[PDB]
Each structure stands twice: as structure tokens, then as C-alpha cells.
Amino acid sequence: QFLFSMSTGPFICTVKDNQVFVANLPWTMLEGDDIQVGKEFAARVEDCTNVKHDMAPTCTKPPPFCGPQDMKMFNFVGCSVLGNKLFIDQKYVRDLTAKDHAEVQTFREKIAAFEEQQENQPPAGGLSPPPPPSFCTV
């Protein structure tokens, strides 16, 4: 069963009706001077994918409203963190506090210990998958 994931960009970025989507999560809404720019980038991607069959950022040229191309993304069940933003049920909630981050590190620490056990069994007072970080719920 899926328990958790971590990945690095470049995350797919798309603009539909002025809404910016990164890793299929609502990242931000474009207004004023970026509405056209957004449409432009969307057309660029279409050309890169359908014509040039090039997914690299050199063809794509994602603008700053696509967020940092080197940010991390963690997936828990029914919960995820992209960049500094928290998303519950694929919906923005708030920016991670230093407490939320600490909770992510702890989780990574426990998942690391758990995977070690799992992929090296020839549980007997063993380990269970760690619980999702507190921020993942109310």
C-alpha cells in the first residue's frame, strides 16, 4: 500500500482560467499583468509537449508564478506539502511553520527506519508505519 513519497521538481506547471497548477495542486491565481503571460506559458507547454516532444524547462520556460523549480514535495495520505505550502484534500491551508517542518523531518526519520525493516526481512516487536504529521489533520 502507498504510504508516502518525496520528490523534487521541475514540477509540471499549468495555467487554466488564470489558476496556476503545480503538481496538480492550486498554487496561485493570476491577476492583472500576468493573465496574458499565463496564457502564453500554457501555449508554450502545449507546443513543447505536442510538437517538440520536449519536457525540459529550456523549452518550457516556466515563469516565477510557477514557484521555485528546485522545491521539494512530500505526499502523505490525504495530505501534502509543496514548497512552503500545506495542502489538505488538494486545497491550500497555510504556509508551513517551523513546527510543521520539524514534524516533516521527524516523519522522514521514522519512515527511514521503517523501510529498513521492511525490505530486509528473511515483525516481532518491530516497527509500524509512522503516523502522518499532525498538520495533516485539523
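Sequential numbering from 1, following the sequence displayed.
Novice: Hey, which bit's got the bigger mean C-alpha B factor in the entry, 123-131 or 13-21?
Specialist: Comparing 123-131 with 13-21, the higher average CA B-factor belongs to 123-131.
Novice: Please compare 106-114 with 46-54 and name the stretch with the higher mean C-alpha B-factor in the deposited structure.
Specialist: It is 46-54 that shows the higher mean C-alpha B-factor.
Novice: Of the choices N75, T60, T28, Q90, which one's C-alpha carries the largest B-factor in the record?
Specialist: When the deposited C-alpha B-factors of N75, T60, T28, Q90 are compared, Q90 is largest.
Novice: At the C-alpha atoms, which of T8, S5, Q1, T137 reaches the highest B-factor in this entry?
Specialist: That would be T137.
Novice: For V81, does the deposited CA B-factor place it in the lowest, middle or highest third of the chain?
Specialist: For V81, whose C-alpha B-factor we compare with every modelled residue in the chain, the answer is the lowest third.
Novice: Going by the entry, which third of its chain does the Cα temperature factor of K99 land in?
Specialist: Ranked within chain, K99 CA B lands in the highest tercile.
Novice: Quick check on the deposited entry: does the C-alpha B-factor of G38 sit in the lowest, middle or highest third of its chain?
Specialist: Lowest third of the chain for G38's C-alpha B-factor.
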